[PDB]
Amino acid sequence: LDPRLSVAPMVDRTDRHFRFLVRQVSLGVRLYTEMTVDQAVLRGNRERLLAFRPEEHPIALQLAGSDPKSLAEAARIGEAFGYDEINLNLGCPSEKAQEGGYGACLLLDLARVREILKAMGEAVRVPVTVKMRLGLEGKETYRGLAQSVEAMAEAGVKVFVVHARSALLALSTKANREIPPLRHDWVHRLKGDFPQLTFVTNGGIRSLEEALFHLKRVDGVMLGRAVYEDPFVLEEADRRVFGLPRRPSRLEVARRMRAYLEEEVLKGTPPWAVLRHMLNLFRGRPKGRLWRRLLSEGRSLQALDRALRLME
């Protein structure tokens, strides 16, 4: 498991279509699914929810839930689908998370978190990891954070992805990634205190240069919004992070997405399910706005063909 660089799990963003796009930009970057509730995996259509392309490796499935047995079985199923890692969501502050007692509100019950992780760890052979916040209600302490890390490590967890801020359950989800202050220094300190463990820091990191800064202090960096707002924020990732002699081209990626789009349309996928994630491919580039316009207006393969000729 290479922890150096990852794209954050993002509901309504990091579905298989956007993940495929990102993979065209960076071969090395680690991909995460949208948060997927365990009940959905158990009772829903597992193909629709879990199926992914082999090119997406390395890829982790993120699960949400509160019941050890349900999550363990969901992890087992996730493993069967070929995911390289089962990630436990411990950071979602949504109203639905609060009603279902999952996500960030699990940090109130370390005993429960430990039995969840133990059950998950015994159900699969792939790494079981966590994505967490610094605490709840802005009442977090460094000792409290370290204690939670210890509890989870006792349960077998080695990889800790930390959104380096508290969660304020009274605020909206959007506000919960803007208002609570970031404390990346705490994640830096965790690595200093738990050298044997793997720490990936997350929150407000806008560029590869900024990621490189943190990579001097922690094992990895996870980027969310910056990547969706402009996938080519990862343009130099393969070369500067992963030491690969590879540099993507926006036009090459766009051409690959066209062939991808044709395959998907073939099997019933709505064109917009793919195109809606391609709007920022030319962010801040010449004709980038017309590109967005053409795709958003046409929402079809024919529209993509017009945009491609525009950018050729």
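Residue indices: 1-based, along the sequence shown.
Of the two stretches examined, 243-251 and 31-39, the record assigns the greater average C-alpha temperature factor to 243-251. According to the PDB record, 110-118 carries the higher mean C-alpha B-factor of the two stretches 110-118 and 223-231. Within the selection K131, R189, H214, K96, the deposited Cα B-factor values reach their highest point at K96. Per the PDB record, residue ranking by Cα B-factor puts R293 in the highest third of the chain.
In the deposited entry, the Cα temperature factor of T269 places it in the highest third of its chain's modelled residues. In the PDB entry, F81 places in the highest third of its chain by CA B-factor. Compared with the other modelled residues of the chain, the Cα B-factor recorded for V124 ranks in the highest third.
Per the deposited record, the Cα B-factor of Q62 falls in the lowest third when ranked against the other modelled residues of its chain.
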